[PDB]
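What follows is one structure encoded as structure tokens, with my remarks underneath.
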Amino acid sequence: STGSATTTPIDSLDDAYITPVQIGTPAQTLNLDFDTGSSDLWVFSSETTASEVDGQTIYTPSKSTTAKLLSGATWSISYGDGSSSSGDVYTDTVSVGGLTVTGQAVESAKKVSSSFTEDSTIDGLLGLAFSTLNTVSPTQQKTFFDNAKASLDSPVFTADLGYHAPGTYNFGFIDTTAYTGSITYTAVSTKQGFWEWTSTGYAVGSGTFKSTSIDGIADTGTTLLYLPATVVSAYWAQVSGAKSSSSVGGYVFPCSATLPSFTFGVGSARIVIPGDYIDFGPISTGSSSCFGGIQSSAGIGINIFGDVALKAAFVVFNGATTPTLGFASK
């Protein structure tokens with residue numbers, strides 16, 4: 001089998017991407033944030049505290065003839081940005097782009113933190129990291145990809161995120177029309193549960209490539225590109241007036257600037273992020289200070305190849321027995 005679904009930016013900045021997902025019988029369609037950095041499929045639901053729902057579409061398990069309470073199971077998750085959610089668990093039929101999994105753990109939120117409530121466009125998350133990170137207790141549950149893998153034509157999914165435009169998540173096949181050149185594959189460590197790999201270096205604008213190993217994660221659920229402070233300082237030094245602002249929480253730059261590109265290495269290959277992809281707009285409405293899309297990872301503990309990086313490439317998440325990652329230009 002295969003599946004193919006369009007993923008759409010939630011706003012004019014590409015702050016995140018939502019993909020429609022069918023849950024239950026008859027189908028209830030929710031727009032979920034596909035997140036290769038976590039491993040829980042959780043949804044706003046009829047069980048979510050009413051004051052914490054503000055415009056999201058909710059899953060109502062009592063209206064699904066295939067929903068079954070997973071007795072005794074609870075979940076609770078905290079994300080790198082400080083947000084969180086928790087609740088109980090059903091199993092139900094879940095379909096993405098024509099690909100159907102029966103018995104998928106659908107984690108029903110009883111509580112969500114303010115940033116989820118405040119984002120009316122995201123109805124939940126669909127985790128695509130390794131199932132070892134799944135938070136369901138006492139019986140850890142499998143991701144949608146893990147449950148579908150054996151049925152897929154090939155044990156892969158691909159992320160093709162657009163810049164200010166829709167893109168595609170495919171399951172079970174590699175669309176050879178969706179990229180240019182060849183796909184360069186690189187080793188993955190699953191030791192932390194992530195799609196963790198080592199970039200071979202970077203360049204700023206037309207500058208020379210610096211060969212240096214940068215361990216990080218391919219994370220569709222993170223907006224920006226988070227790299228070591230040395231790398232980030234080298235980038236922003238090429239933008240007149242750019243500075244790190246503790247009060248804003250990162251590098252800002254004059255909105256009048258033209259940003260240089262940023263290149264990252266995948267083996268001997270190179271992925272070029274155009275400068276425009278690094279512009280996240282005014283820090284507040286009407287400000288002439290703009291927020292940068294490349295930020296320091298120094299406070300995180302891990303480097304994160306988030307959407308800013310991934311949207312510049314066609315990315316293969318290869319879930320074969322030894323997983324690997326593939327990157328192509330497009």
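We name chains A, B, ... following the order of the structure tokens; residues begin at 1 in each chain, and ligands are numbered from 1 as shown.
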When DSSP is applied to the backbone of this structure, which of range 202-281 of chain A are assigned helix (DSSP H, G or I)? Write them out as an MDAnalysis selection string. chainID A and resid 229:236 275:278
Need to verify the contact set: range 154-164 of chain A, 8 Å, only C-alpha atoms, exclusion of same-chain residues closer than 2 positions in sequence. Can you return it as a PyMOL selection string?
chain A and resi 7-9+12-14+145+149-150+152+166-174+178+277+307+310-320
| said: Neighbouring residues of residue 111 in chain A were defined as those with any atom within 7 Å, considering only C-alpha atoms; residues of the same chain fewer than 5 positions away were excluded. Please report them as a list in words. | reply: residues 48, 49, 85, 86 and 87 of chain A
Expected file contents, prior selection, C-alpha atoms, as a tab-separated table (two decimals), in the first residue's frame:
chain	number	residue	atom	x	y	z
A	48	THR	CA	-10.75	18.19	26.10
A	49	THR	CA	-11.44	20.76	28.83
A	85	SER	CA	-0.88	17.94	26.63
A	86	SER	CA	-2.27	14.82	28.24
A	87	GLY	CA	-5.28	12.53	28.34
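The shell of residues at most 9 Å from residue 38 in chain A, with only C-alpha atoms counted and near chain neighbours (fewer than 3 positions) removed, consists of residues 35, 41, 79, 125, 126, 127, 128, 129, 130, 131, 133, 134, 193, 194, 219 and 221 of chain A.
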- Tell me, which residues of range 79-327 of chain A carry DSSP strand (DSSP E or B), written as a PyMOL selection string? chain A and resi 84-96+99-112+124-127+137+156-160+167-171+184-187+189+196-204+210-218+225-227+243-245+250-254+262-266+269-273+279-282+289-292+294-296+303-305+314-318+324-327
Min atom-atom distance to residue 249 in chain A from the set A:299, A:44, A:330, A:59, counting only C-alpha atoms, belongs to A:299
